[PDB]
Every structure is written in C-alpha cells, then in structure tokens.
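K.L.:
Input coords-v9.csv, format and content: CSV, C-alpha atoms.
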chain,number,residue,atom,x,y,z
E,454,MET,CA,17.0,0.4,53.4
E,455,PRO,CA,13.5,-0.3,51.9
E,456,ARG,CA,11.5,0.9,54.9
E,457,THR,CA,13.9,3.8,55.4
E,458,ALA,CA,14.0,4.8,51.7
E,459,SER,CA,14.3,8.5,50.6
E,460,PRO,CA,11.0,9.7,49.1
E,461,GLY,CA,12.0,11.6,45.9
E,462,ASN,CA,15.4,10.3,45.1
E,463,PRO,CA,17.4,11.0,41.8
E,464,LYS,CA,18.5,8.5,39.2
E,465,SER,CA,21.8,6.8,38.5
E,466,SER,CA,22.7,6.8,34.8
E,467,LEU,CA,20.6,10.0,34.4
E,468,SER,CA,21.5,12.0,37.4
E,469,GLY,CA,21.2,15.4,35.6
E,470,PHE,CA,22.8,14.5,32.2
E,471,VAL,CA,20.7,12.6,29.7
E,472,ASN,CA,22.5,11.5,26.6
E,473,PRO,CA,22.5,7.8,25.3
E,474,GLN,CA,24.9,6.3,22.8
E,475,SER,CA,22.5,4.9,20.2
E,476,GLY,CA,22.4,7.9,17.8
E,477,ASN,CA,18.9,9.2,18.6
E,478,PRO,CA,20.2,12.6,19.8
E,479,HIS,CA,23.0,12.6,17.3
E,480,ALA,CA,21.4,15.1,14.9
E,481,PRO,CA,23.2,14.9,11.5
E,482,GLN,CA,22.4,18.4,10.1
E,483,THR,CA,18.8,19.3,9.7
E,484,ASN,CA,15.6,17.4,10.3
E,485,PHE,CA,14.1,18.5,6.9
E,486,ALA,CA,17.2,17.4,5.1
E,487,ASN,CA,17.4,13.6,5.7
E,488,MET,CA,14.0,12.1,6.8
E,489,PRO,CA,11.8,14.8,5.2
E,490,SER,CA,13.5,15.0,1.8
E,491,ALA,CA,11.3,12.8,-0.3
E,492,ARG,CA,9.6,14.0,-3.5
E,493,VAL,CA,7.3,12.4,-5.9
E,494,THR,CA,5.3,13.5,-9.0
E,495,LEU,CA,1.6,12.7,-9.7
E,496,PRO,CA,-1.1,14.0,-12.2
E,497,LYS,CA,-2.0,17.6,-11.3
E,498,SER,CA,-5.6,17.1,-12.4
E,499,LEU,CA,-6.7,14.7,-9.7
E,500,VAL,CA,-4.9,16.9,-7.1
E,501,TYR,CA,-7.7,19.4,-7.3
E,502,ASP,CA,-10.0,17.4,-5.1
E,503,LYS,CA,-8.0,17.1,-1.8
E,504,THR,CA,-5.5,19.7,-0.6
E,505,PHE,CA,-3.4,18.0,2.1
E,506,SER,CA,-4.7,14.4,2.3
E,507,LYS,CA,-4.7,13.3,-1.4
E,508,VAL,CA,-1.4,15.0,-2.1
E,509,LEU,CA,0.5,13.5,0.8
E,510,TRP,CA,-0.6,9.9,0.8
E,511,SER,CA,-1.5,9.3,-2.8
E,512,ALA,CA,1.2,11.3,-4.4
E,513,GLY,CA,4.6,10.9,-2.8
E,514,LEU,CA,4.9,9.5,0.6
E,515,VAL,CA,2.4,7.1,2.1
E,516,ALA,CA,-0.8,5.0,2.4
E,517,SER,CA,-1.7,7.8,4.8
E,518,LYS,CA,-5.0,8.7,3.0
E,519,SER,CA,-6.1,7.2,6.3
E,520,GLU,CA,-2.9,8.0,8.2
E,521,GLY,CA,-2.4,11.3,6.5
E,522,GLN,CA,-5.9,12.5,7.2
E,523,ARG,CA,-5.2,11.8,10.9
E,524,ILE,CA,-2.1,14.0,10.7
E,525,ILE,CA,-4.1,16.8,9.1
E,526,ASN,CA,-6.6,16.1,11.9
E,527,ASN,CA,-3.7,16.3,14.3
E,528,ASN,CA,-3.2,19.7,12.8
E,529,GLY,CA,0.5,19.4,12.8
E,530,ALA,CA,1.1,20.2,9.1
E,531,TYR,CA,1.8,23.1,6.7
E,532,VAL,CA,1.2,23.6,3.0
E,533,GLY,CA,3.1,25.6,0.4
E,534,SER,CA,2.8,26.3,-3.3
E,535,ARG,CA,5.3,27.8,-5.7
E,536,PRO,CA,5.0,27.3,-9.5
E,537,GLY,CA,7.2,30.3,-10.6
E,538,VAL,CA,5.0,32.1,-13.1
E,539,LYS,CA,3.9,35.4,-11.6
E,540,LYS,CA,5.8,38.0,-9.6
E,541,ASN,CA,2.9,38.5,-7.2
E,542,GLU,CA,4.3,38.2,-3.6
E,543,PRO,CA,2.1,36.6,-0.8
E,544,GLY,CA,0.0,39.7,-0.6
E,545,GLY,CA,-2.1,37.7,1.9
E,546,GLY,CA,-5.0,37.5,-0.6
E,547,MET,CA,-4.5,33.7,-1.0
E,548,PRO,CA,-1.2,34.0,-2.9
E,549,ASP,CA,-0.2,31.4,-5.5
E,550,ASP,CA,3.5,32.1,-5.6
E,551,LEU,CA,4.0,31.1,-2.0
E,552,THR,CA,1.5,29.2,0.2
E,553,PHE,CA,1.3,28.6,4.0
E,554,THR,CA,-1.2,26.2,5.7
E,555,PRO,CA,-2.7,25.9,9.2
E,556,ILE,CA,-3.4,22.2,8.3
E,557,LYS,CA,-7.1,22.6,8.9
E,558,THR,CA,-9.4,20.6,6.7
E,559,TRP,CA,-10.0,22.3,3.4
E,560,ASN,CA,-10.7,20.0,0.5
E,561,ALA,CA,-11.4,21.8,-2.8
E,562,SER,CA,-10.9,25.5,-1.8
E,563,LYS,CA,-7.3,25.1,-0.6
E,564,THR,CA,-6.3,22.4,-3.1
E,565,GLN,CA,-7.1,24.2,-6.3
E,566,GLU,CA,-6.0,27.5,-4.8
E,567,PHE,CA,-2.4,26.5,-4.1
E,568,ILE,CA,-2.2,23.0,-5.5
E,569,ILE,CA,-2.5,24.6,-8.9
E,570,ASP,CA,1.2,23.7,-8.8
E,571,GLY,CA,1.9,24.3,-12.5
E,572,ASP,CA,5.4,23.2,-11.6
E,573,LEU,CA,5.3,23.0,-7.8
E,574,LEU,CA,3.4,21.4,-5.0
E,575,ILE,CA,4.8,21.2,-1.5
E,576,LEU,CA,3.6,19.5,1.7
E,577,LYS,CA,5.3,19.4,5.0
E,578,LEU,CA,4.4,17.5,8.1
E,579,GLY,CA,6.1,18.0,11.4
E,580,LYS,CA,4.9,14.7,12.9
E,581,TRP,CA,7.3,12.6,11.0
E,582,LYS,CA,8.1,13.7,7.4
E,583,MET,CA,7.8,16.2,4.7
E,584,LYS,CA,6.8,15.2,1.2
E,585,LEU,CA,6.9,17.5,-1.7
E,586,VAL,CA,5.4,16.7,-5.1
E,587,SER,CA,5.5,18.3,-8.5
E,588,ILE,CA,2.4,18.1,-10.7
E,589,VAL,CA,1.7,18.8,-14.3
E,590,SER,CA,-1.6,18.5,-16.2
E,591,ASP,CA,-1.6,15.9,-19.0
E,592,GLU,CA,-3.4,18.3,-21.2
E,593,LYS,CA,-0.7,21.0,-20.7
E,594,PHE,CA,1.9,18.4,-21.7
E,595,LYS,CA,0.0,17.9,-25.0
E,596,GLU,CA,0.4,21.6,-25.7
E,597,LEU,CA,4.2,21.7,-25.3
E,598,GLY,CA,5.0,18.4,-26.8
E,599,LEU,CA,2.0,18.8,-29.2
E,600,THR,CA,4.4,17.8,-32.0
E,601,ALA,CA,6.6,15.0,-30.7
E,602,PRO,CA,6.8,11.2,-31.0
E,603,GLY,CA,5.0,11.0,-27.7
E,604,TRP,CA,1.5,12.0,-28.7
E,605,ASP,CA,1.6,10.3,-32.1
E,606,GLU,CA,2.5,7.0,-30.6
E,607,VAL,CA,0.4,7.1,-27.4
E,608,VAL,CA,-2.9,8.7,-28.7
E,609,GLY,CA,-2.6,8.1,-32.5
E,610,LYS,CA,-1.1,4.6,-32.4
E,611,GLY,CA,-2.3,3.6,-29.0
E,612,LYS,CA,-0.7,0.2,-29.6
E,613,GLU,CA,2.3,0.3,-27.2
E,614,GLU,CA,3.2,-2.1,-24.5
E,615,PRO,CA,3.2,0.4,-21.6
E,616,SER,CA,-0.4,1.5,-21.5
E,617,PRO,CA,-1.2,5.1,-20.2
Can I see the file as structure tokens?
P.N.:
Amino acid sequence: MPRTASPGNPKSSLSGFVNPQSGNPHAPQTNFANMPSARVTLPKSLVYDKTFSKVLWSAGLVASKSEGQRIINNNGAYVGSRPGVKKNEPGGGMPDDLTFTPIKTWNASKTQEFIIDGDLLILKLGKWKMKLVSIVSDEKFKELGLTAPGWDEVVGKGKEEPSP
C-alpha cells in the first residue's frame, strides 16, 4: 500500500468539485456592495497633502496610514473624483468630474487634482475594501451658512461644550 503507492493521485473530498459549506463561496450579490460599502467624511483641507494614503486611513476606513500605504505600494487600488460642478467629461487632461488611478504614489499632485472633492472623494481598494469619503472645506461652509446660528455660536461665542 505505502510502498506501492500511486505517484500523483487525486483527492477525496475534492476530486474535481471544490465547494465547501461555510459560506465563503456563497457570494451574496456584489463584492463592492457589502464589504466595500463604507463611507466617511473628513475636512477637505487636510486632504490636499496625500492622495490615496491620507484619505483612506485617516478619513473613513482604517489605521492603514501604515497599512494603507502598503496597499498603495501593493498597487492594487484605484482613485476616482466626482464633485458635480462642471460638465467637462474625462477628456484625459487630468479631469475633475471623473478620476481614475493606477495607485502609484503621488502625494500632492494627485490629491489636490482629484481630491478637490468639493462634494465627492472616492477611494477603492481591491485587496479588501473600498472606502469613499465626502469632503468639504470649513471655509466654504462659512460662505453658505455665513448667516446662521452655527457661526455666531462657534466663532463669535466660542463658549460651547463641544469644541471645534
């Protein structure tokens, strides 16, 4: 039996058909939908410094400043931008309406370029998750709400429990 074994023999449970019963293969609907459906919002101003890294870890999904960078390094990510202000299609020329990323390290150039995100910032990683974040500049806020109870209290009074 052992000495007369058959070099290159198949398996038992997996003799051609591989499908467990834990749920791993049981794909609900779409990958993006469940796992990669987390979104957070952070101050648009500090986003200008790092394109992929800062946005992903700091903003919405993880401690990955360290981990995230690795992913970027991994080069298994994409980046998109879509505020919805202009009607200027991709036009290749570093569009702002829509953005696509090769996930190669670009700190300032790429960030500011697409991460302008007046209303939208999106980050997607194919290693595990996609995180999308919306960012608005505090200053901008001042402009719209420039005459609300928000500025008066915060700035003028500046004596509220929840500090800015």
K.L.:
Hey, which of E:608, E:575, E:589, E:561 ends up closest to residue 502 (chain E)? Count all atoms listed in the file.
P.N.:
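With all atoms listed in the file as the atom set, the closest residue is E:561.
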K.L.:
Would you list the contacts of residue 499 (chain E) as a CSV table (one decimal) with C-alpha atoms, keeping the file's coordinate frame, taking every protein, DNA or RNA residue within 10 Å and counting only C-alpha atoms, but skipping same-chain residues closer than 5 positions in sequence?
P.N.:
chain,number,residue,atom,x,y,z
E,507,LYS,CA,-4.7,13.3,-1.4
E,508,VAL,CA,-1.4,15.0,-2.1
E,588,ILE,CA,2.4,18.1,-10.7
E,590,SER,CA,-1.6,18.5,-16.2
K.L.:
Show me, as a PyMOL selection string, the residues that have an atom within 10 Å of residue 569 (chain E) when counting only C-alpha atoms, minus same-chain residues fewer than 3 positions from it.
P.N.:
chain E and resi 497-498+500-501+534-536+549+563-566+572-574+588-590
K.L.:
Got a sec: who's within 12 Å of residue 519 (chain E), counting all atoms listed in the file, leaving out chain neighbours fewer than 2 positions off, as a JSON list (two decimals) with C-alpha atoms, in the frame of the given file?
P.N.:
[["chain", "number", "residue", "atom", "x", "y", "z"],
["E", 505, "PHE", "CA", -3.40, 18.00, 2.10],
["E", 506, "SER", "CA", -4.70, 14.40, 2.30],
["E", 507, "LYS", "CA", -4.70, 13.30, -1.40],
["E", 509, "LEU", "CA", 0.50, 13.50, 0.80],
["E", 510, "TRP", "CA", -0.60, 9.90, 0.80],
["E", 511, "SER", "CA", -1.50, 9.30, -2.80],
["E", 515, "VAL", "CA", 2.40, 7.10, 2.10],
["E", 516, "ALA", "CA", -0.80, 5.00, 2.40],
["E", 517, "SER", "CA", -1.70, 7.80, 4.80],
["E", 521, "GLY", "CA", -2.40, 11.30, 6.50],
["E", 522, "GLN", "CA", -5.90, 12.50, 7.20],
["E", 523, "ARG", "CA", -5.20, 11.80, 10.90],
["E", 524, "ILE", "CA", -2.10, 14.00, 10.70],
["E", 525, "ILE", "CA", -4.10, 16.80, 9.10],
["E", 526, "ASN", "CA", -6.60, 16.10, 11.90]]
K.L.:
If you count all atoms listed in the file, which residues fall within 7 Å of residue 489 (chain E), apart from same-chain ones fewer than 3 positions away, as a compact mmCIF listing (two decimals) with C-alpha atoms, in the coordinates of the input?
P.N.:
# COMPACT_ATOMS: atom_id res chain seq x y z
CA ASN E 484 15.60 17.40 10.30
CA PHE E 485 14.10 18.50 6.90
CA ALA E 486 17.20 17.40 5.10
CA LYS E 582 8.10 13.70 7.40
CA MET E 583 7.80 16.20 4.70
CA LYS E 584 6.80 15.20 1.20
K.L.:
Name the closest residue to residue 548 (chain E) among the candidates E:560, E:533, E:578, E:617; distances are taken between atoms, counting all atoms listed in the file.
P.N.:
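Looking at the shortest contact to residue 548 (chain E), the residue is E:533.
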K.L.:
Please measure the separation of CA of residue 605 (chain E) and CA of residue 538 (chain E), giving the value in Å to one decimal.
P.N.:
29.1 Å
K.L.:
Which residue is closest to residue 562 (chain E)? Choose from E:503, E:464, E:580, E:518 and count only C-alpha atoms.
P.N.:
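Smallest separation from residue 562 (chain E) among the options: E:503.
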K.L.:
What gap, in Å, lies between CA of residue 530 (chain E) and CA of residue 476 (chain E)?
P.N.:
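That distance, rounded to one decimal, is 26.1 Å.
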K.L.:
At a cut-off of 9 Å, using only C-alpha atoms, what residues contact residue 493 (chain E)? Leave out same-chain residues fewer than 2 positions from it and give the result as an mmCIF file with C-alpha atoms, in the frame of the given file.
P.N.:
data_model
loop_
_atom_site.group_PDB
_atom_site.id
_atom_site.type_symbol
_atom_site.label_atom_id
_atom_site.label_comp_id
_atom_site.auth_asym_id
_atom_site.auth_seq_id
_atom_site.Cartn_x
_atom_site.Cartn_y
_atom_site.Cartn_z
ATOM 1 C CA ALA E 491 11.300 12.800 -0.300
ATOM 2 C CA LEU E 495 1.600 12.700 -9.700
ATOM 3 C CA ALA E 512 1.200 11.300 -4.400
ATOM 4 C CA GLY E 513 4.600 10.900 -2.800
ATOM 5 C CA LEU E 514 4.900 9.500 0.600
ATOM 6 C CA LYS E 584 6.800 15.200 1.200
ATOM 7 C CA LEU E 585 6.900 17.500 -1.700
ATOM 8 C CA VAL E 586 5.400 16.700 -5.100
ATOM 9 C CA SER E 587 5.500 18.300 -8.500
ATOM 10 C CA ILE E 588 2.400 18.100 -10.700
#
K.L.:
Between CA of residue 553 (chain E) and CA of residue 541 (chain E), measure the distance and give it in Å to one decimal.
P.N.:
15.0 Å
